[PDB]
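Quick heads-up: the structure tokens below are two forms of one chain, split into structure 1 and structure 2.
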Structure 1
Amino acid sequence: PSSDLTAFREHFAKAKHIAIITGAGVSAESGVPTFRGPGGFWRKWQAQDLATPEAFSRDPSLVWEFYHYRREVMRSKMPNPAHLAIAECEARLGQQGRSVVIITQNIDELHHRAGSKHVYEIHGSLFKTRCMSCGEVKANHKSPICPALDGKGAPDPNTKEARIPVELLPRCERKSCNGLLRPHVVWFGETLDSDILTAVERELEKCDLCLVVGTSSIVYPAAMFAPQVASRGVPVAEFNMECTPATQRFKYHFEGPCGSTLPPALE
């Protein structure tokens, strides 16, 4: 793939419908882990203990402890130059009748903190709950999310004594429910929201330029979004610190930290 930023910016000058796909690499520089990078969440912990439906049925406290920890860390984190370049791009293009849409894998909400509006959160949100009984979805920004989690840090599955009884974990505050809440996120083996997925699909059919920023292009279906668009002849530009399973499908690859590689692309 080309690293000709001039040639890419020519495609950028002519695009009316830009699709920007993002993963944890776009948030790294804000000072939070990725999933599979060094010090990543799935390096430190085993994903099958924390991010599957079975994980949650077998040990909802361990799982909640991990999402609680992440919520408490993320509160004070700020959008980095890559988030900010994306937001300013959307606002600038939007003012001229051109569309920029963000299709994010990240649940951290940092694209909303930056001022981005057209944001599909395809794996849910760190800050939303879903009730296991009634199905109610809610923003929840209580700190701590429940009293029993107050002052809990990152969980060790071997410290059985740190586990909280299930009745003291976050419960639905809807009058007459009290069901157990789970994070409103998409785990391995769970379908993505079909409304979201459908809308994303149409965005990808309409886009005339696609960027793929800070994702390992391992996890499906997100990993095939940009490959799909490229199979229609649309230019895709990858921004990543390394090559991925998908790089050889794309017209451009811009190597480096997105904090520095992305802002001149979007200028």
Structure 2
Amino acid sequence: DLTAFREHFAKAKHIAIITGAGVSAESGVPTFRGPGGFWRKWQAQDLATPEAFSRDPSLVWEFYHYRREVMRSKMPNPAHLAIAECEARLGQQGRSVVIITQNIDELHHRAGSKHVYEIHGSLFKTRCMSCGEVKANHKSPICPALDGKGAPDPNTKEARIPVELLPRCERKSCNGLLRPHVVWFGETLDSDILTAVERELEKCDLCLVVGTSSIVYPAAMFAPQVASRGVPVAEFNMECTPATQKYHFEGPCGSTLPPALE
């Protein structure tokens, strides 16, 4: 019941919005997990790992360069926008909205959202493998050697870029190999980020889970914590629940969410 949800929405002083891959798929943004989610011969799971990067950094950078480049044509959707404008409007009223996103596409930022926790990192940040410095980076192409590389066809030839010509750290003293500042399979989420997220979740009085499920990860880490405080949770996702069924709005979030958050 949308009206019952909106009664909670009217009263909420601190909303936490958790977003998963569904919100990015609706912007035309490939996830690379699922039957369609091939890039050349590989799926995301094969490439987004430190072992792939150690043994073929050029291949992994071709993949991330492709993804960075494809974001130029993909735009925020009505769900991203509703979330951004909601935060702005409620902020003026002294009410807090925070976004906790699994997504690395920066679309929430492009939509206008300010209070955003990117728990998996970002496609458009680098981390230096040598000195550890994290830097925002939106250059197209990120380095000259990658220019025009990353084609997704299976029989596209590998660039095989010497490591010295991949993106490097710009402190002319370090010069270390950069990696995407993204959490890979086999890596831990940042402790400091999780502590901040725990604070926000503990203080919130309404939580929305958008383009993923409360029962799946990462929502499963944190939504239980909020539910056990007695706080209402509202899912917006395309997933069904059975017939013998907190709140669930089935469908594309770019349809459901702007109406819900009016």
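When a residue number appears, read it as a position in the sequence of structure 1, where counting begins at 1. In this text, rigid core is short for the largest set of C-alphas that superpose within 1.5 Å between two forms.
Student: Superpose on the core and compare between the two structures; which one of 154, 91, 139, 134 crosses the 2 Å Cα shift mark?
Tutor: The listed residue whose C-alpha shifts by at least 2 Å is 154.
Student: Is there a C-alpha shift of 2 Å or more at residue 217 between the two structures once the rigid core is superposed?
Tutor: Passes the 2 Å threshold, so yes.
Student: Using the rigid core as the reference frame, would you say residue 182 shifts its C-alpha by 2 Å or more between the two structures?
Tutor: No, the C-alpha moves less than 2 Å.
Student: Relative to the superposed rigid core, does residue 46 relocate between the two structures - that is, does its Cα move 2 Å or more?
Tutor: Shift at residue 46: 2 Å or more after core fit.
Student: Relative to the superposed core, what is the Cα shift for residue 192 between the two structures, in Å?
Tutor: A shift of 1.5 Å at the C-alpha.
Student: In Å, how large is the CA movement of residue 37 between the two structures relative to the superposed rigid core?
Tutor: Comparing between the two structures after core fitting, residue 37 shifts 4.8 Å at its C-alpha.
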